[PDB]
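As a starting point, one isolated chain is supplied in structure tokens, in the form deposited in one PDB entry.
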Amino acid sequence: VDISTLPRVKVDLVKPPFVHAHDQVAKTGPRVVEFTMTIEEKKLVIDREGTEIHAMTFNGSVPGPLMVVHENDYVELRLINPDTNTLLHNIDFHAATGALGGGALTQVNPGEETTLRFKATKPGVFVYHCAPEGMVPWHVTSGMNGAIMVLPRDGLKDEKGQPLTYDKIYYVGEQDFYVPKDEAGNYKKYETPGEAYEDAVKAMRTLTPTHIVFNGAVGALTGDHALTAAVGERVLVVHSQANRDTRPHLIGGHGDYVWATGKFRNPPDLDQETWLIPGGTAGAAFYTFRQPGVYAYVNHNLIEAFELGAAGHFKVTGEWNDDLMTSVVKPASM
């Protein structure tokens, strides 16, 4: 079908962990879904100590926002690199076919823009990331990655073919940072990106992250920004990691249905405690909450979670079920 004959719909993106509006089951035929993102190089404070890095972002956030389409829609992205930036950037979609996922067609210097179109032929959650030839891991590990969800036209299905419908969705982007250290162990800072580059390469080659965070900073998904749900609600958590493996776990819950490597033509794994999302992948977990209270959502290398930053919280409202769990005898000396 001639693409100029299809409907166009413009999406207005939101900041993670929230997700723009969409319908699980497609309410129209295939469409050209129009997105715009503006690259922003910016300083970000990433820990409680005040460590400040030069982040490279899509739309001002780490991770970049979640894009949502259906299978056999066309994604049309206007990518803007304002002249207030200093570096060359591009974009590679793991959802796309050809030209390095789009990276070979989207190289933009400061003061340039470009528009890419691709057909979303495979359903699943997928990573997108910047990847300029010769400086790929530097851009990705400076925060320049997000994800796209390509829903089946008839929505999600369980291992038997019956519908799975979520009530809420969140997007957790997990970021490994490599902040250069001196011989004594303290972070260095740098005056220009070029003066930083060799020590960024040195720091990356150790293979050891200094920080591993959700939504761009230690503690970002806690306090006033904890995730929320109610007892009985069905929640989909999309989780991406563009560079290193992670092992997500809902402390106090499970992944009732999990696509660990993110592709919806496969049946989900049931009843997971913890699952492996390989570096370079997006995964998705569906859970129905059964108990109120605080939960933590972590990478279950618990050092990475509780010392390096890879931990967030849910606050869940509703009634407690003593059949599922109860304290029979509360802690006491006797």
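In this text, the rigid core denotes the largest set of C-alpha atoms whose superposition between the two forms falls within 1.5 Å. Counting begins at 1, following the sequence as shown.
From this point on, the text means the form deposited in another entry, which you will not see here.
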Original post:
Which listed residue, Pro163, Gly98, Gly194, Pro82, is the one whose CA shifts 2 angstroms or more between the shown form and the other one with the rigid core aligned?
Top reply: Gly194
**OP:** Quick one: in that other deposited form, is the Cα gap between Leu100 and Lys10 smaller or bigger than here? Answer closer or farther; it shifts by 3 Å or more.
**Re:** closer
**OP:** Look at the CA atoms of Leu100 and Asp73: state whether they lie closer or farther apart in that other deposited form than in this form, given a difference of 3 Å or more.
**Re:** closer
